[PDB]
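Asker: One structure, as structure tokens, below. Some questions next.
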Amino acid sequence: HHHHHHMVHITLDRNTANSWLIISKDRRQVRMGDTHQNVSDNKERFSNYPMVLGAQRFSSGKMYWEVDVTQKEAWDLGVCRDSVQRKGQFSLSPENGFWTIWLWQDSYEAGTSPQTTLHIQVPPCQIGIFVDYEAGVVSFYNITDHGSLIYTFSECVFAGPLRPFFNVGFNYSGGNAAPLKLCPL
Ligand SMILES: CNC(=O)c1ccc(S(N)(=O)=O)cc1
């Protein structure tokens, strides 16, 4: 892919974070804390899952960013509507306003309804995410494997402004404490 030149500087929005997340000073890294993090509750925070949004909102154009997932066992990445549900249980699907992939139990899957099996030969340490708003496309690239395509959502019905979306995952196993990091341009 030649999407690198639509690179955007993404930062995390503290106010949307689950109350157990720890966002770095530079707002470029997030990890699961071992407790509640001593913040007030608000209507933006994801309550049920270790999720956070980017601060940036996109309503046009082409955008590209990269995320480091080194040594994590579980995570979700992609984009979502600004108006997605924050409280209670929900599935990651385009019907609910999410365009995402994930790692879970040693398999990679795209967040379609129902979920789609991904075929990745080289486990990624960094993921590239490309959004073309006008085309209705969200694509995922394996930066560890020379940028190889992972998955393309096409004919997307965004139906609103988009935000970068992150889930660091739970750490029941003790093997999933590592952060998500936004990689430098
Ligand atoms: C409301 N959150 C929880 O009940 C919760 C919070 C943290 C964990 S972990 N991943 O073991 O650190 C599990 C569950």
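None of the figures in this text is laboratory data; all of them are computed from the coordinates on show. Ideal geometry is used to build each Cβ from the backbone, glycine not excepted, and the neighbour counts take in all protein chains shown.
Asker: For the subset of segment 37-56 comprising residues that are away from the ligand (no atom under 16 Å from the Cβ) and in contact with a strand residue (DSSP E or B) (Cβ under 6 Å, 6 or more places away or on another chain), which member is farthest from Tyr172 (Cα to Cα)?
Answerer: Filtering segment 37-56 for residues that are away from the ligand (no atom under 16 Å from the Cβ) and in contact with a strand residue (DSSP E or B) (Cβ under 6 Å, 6 or more places away or on another chain), the one farthest from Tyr172 (Cα to Cα) comes out as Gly54.
Asker: Test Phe166 against the stated conditions and say whether it is touching a residue at least 24 places away in the same chain (Cβ under 8 Å) and part of a strand (DSSP E or B).
Answerer: Yes: the conditions hold for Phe166.
Asker: Now, a different point. Kindly indicate the residue of segment 143-172 that is surrounded by 14 or more Cβ atoms within 10 Å (Cβ to Cβ) and within 16 Å of the ligand (Cβ to nearest atom) and also farthest from the chain's Cα centre (by Cα) among those meeting that condition.
Answerer: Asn171
Asker: Could I ask something else about it? Within segment 148-156, is even one residue charged (D, E, K, R) and free of Cβ contacts under 8 Å to residues at least 24 places away in the same chain?
Answerer: yes
Asker: Out of (1) touching a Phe, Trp or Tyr at 6+ places or on another chain (Cβ under 9 Å); (2) in a loop (DSSP other than H, G, I, E, B); (3) not small (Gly, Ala, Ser), the odd one out for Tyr141 is which?
Answerer: (2)
Asker: Of everything in segment 13-36 that's assigned to a loop (DSSP other than H, G, I, E, B) and within 16 Å of the ligand (Cβ to nearest atom), which residue is nearest to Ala55 (Cα to Cα)?
Answerer: Out of the qualifying residues, it is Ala17.
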